[PDB]
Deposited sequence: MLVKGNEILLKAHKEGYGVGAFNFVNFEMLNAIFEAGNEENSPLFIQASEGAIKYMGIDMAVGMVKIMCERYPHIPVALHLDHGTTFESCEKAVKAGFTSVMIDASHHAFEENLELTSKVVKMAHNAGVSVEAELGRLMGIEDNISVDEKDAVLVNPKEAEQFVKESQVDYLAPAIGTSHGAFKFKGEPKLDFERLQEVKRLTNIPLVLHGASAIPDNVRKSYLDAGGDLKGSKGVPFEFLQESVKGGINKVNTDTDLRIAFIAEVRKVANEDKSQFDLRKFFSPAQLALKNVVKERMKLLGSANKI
């Protein structure tokens, strides 16, 4: 049952735990996420990038989530627009039924980012939808004092502080390093739920399965489980996870393709994929402490 993204993140902010924000592009991904939340009794933060919406059609994105909500009525679910690049996009998501929208204007200067974000807040809050913004650059780092004013004047529901992460299986070209001292300053000055982008970990088991199936993850490096927990302690309440889901999913697809070359039954390809993806999500929920929160 769709609920405001803030309704989920304010609880996580109070009690000091993190809720996983998992991306999806189709049915297989969506199904495995809900089943994971059901078996872990965990809140669900379902994300959809603009590239994913384009792929599915915003009508199918919301439509499929609504259907899933009906079969799992006891689970709190927030539908979040991931990385909206324009006011129009966020507005379309709001009209479509999204309960949470992100307006990514980190590339802009402070004033521009603030004005565009404020405009989005006015619109979304009017329709009862939560809003997410971003300061810093996913590649530089966030200015705690900027975050303080930014949050105060925009009245945004949650903020994504750049502390050293980035999307993809290749986050660190060296030793994984995040600015936790900066994260804590931001948390103290804003006192709102914080979001961590590019937070995939690339677990040993997930990497292993992918490489066994003839996949190439040479040099890949995500955020260690240690750091993910330090982030939550630091004030991170929303943890974006996508790469991990993809890798674990394709790992089984590649495997099936190798084992049996006469196999063309989609269900035989995506059944193991869903399972492998569900397990990654289940483990992540327990890691962040969102398990048994319902």
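Practice problem: No C-alpha coordinates anywhere in a stretch? Then put that deposited-sequence range on the list, in order along the chain. | Solution: Deposited residues absent from the model fall in 140-152 alone.
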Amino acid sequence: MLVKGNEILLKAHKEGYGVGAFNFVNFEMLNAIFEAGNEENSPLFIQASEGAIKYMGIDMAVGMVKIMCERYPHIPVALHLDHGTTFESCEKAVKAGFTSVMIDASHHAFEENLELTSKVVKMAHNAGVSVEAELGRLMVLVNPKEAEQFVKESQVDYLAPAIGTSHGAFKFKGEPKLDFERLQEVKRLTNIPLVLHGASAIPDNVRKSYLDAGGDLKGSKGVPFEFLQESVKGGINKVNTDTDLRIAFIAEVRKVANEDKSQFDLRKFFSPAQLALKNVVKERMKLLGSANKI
From here on, numbers count along this sequence of modelled residues.
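What we label the rigid core is the largest C-alpha set whose atoms superpose within 1.5 Å from one form to the other.
Which of 220-228 and 94-102 lies farther, on average, from the shown form in 7 other deposited structures of this protein once the rigid core is superposed (C-alpha RMS)? Stretch with the larger root mean square C-alpha distance in 7 other deposited structures of this protein: 220-228.
Checklist entry - Checking the other PDB entries that cover both flanking residues: does residue 199 lack coordinates in at least a third? => result No, residue 199 has coordinates in all the other entries compared.
Does the comparison with other entries of this protein show residue 139 left unmodelled in at least a third of them?
Comparison shows residue 139 dropped in at least a third of the other entries.
Worksheet item: What stretch has the higher average Cα B-factor here, 127-135 or 211-219?
Response: Result of the comparison: 211-219.
Can you tell me which stretch has the higher mean Cα B-factor, 168-176 or 188-196? Between 168-176 and 188-196, it is 168-176 that shows the higher mean C-alpha B-factor.
Whose CA atom has the top B-factor in the entry, of 59, 259, 35, 50? By C-alpha B-factor in the record, 259 ranks first.
query = Highest CA temperature factor in the entry: which of 88, 157, 115, 181?
reply = Largest recorded C-alpha B-factor: 181.
Ordered by C-alpha B-factor within the chain, which third holds residue 69? Give me lowest, middle or highest, please. Its C-alpha B-factor, which the entry lists for residue 69, ranks in the highest third among residues of this chain.
query = Sorting the chain's CA B-factors, does residue 94 end up in the lowest, middle or highest third?
reply = Lowest third, going by the recorded CA B-factors of the chain.
**Request:** Using the B-factors in the PDB entry, rank residue 141's C-alpha atom against the chain and give the third, lowest, middle or highest.
**Result:** Its C-alpha B-factor, which the entry lists for residue 141, ranks in the highest third among residues of this chain.
- Task: Name the third of the chain's ranked CA B-factors that contains residue 31, choosing lowest, middle or highest.
- Result: As the PDB entry reports it, the C-alpha B-factor of residue 31 lands in the lowest third of its chain.
- Consider only the C-alpha atoms of the modelled residues in this chain, order them by B-factor as the entry records it, and name the third containing residue 55: lowest, middle or highest. Lowest third.
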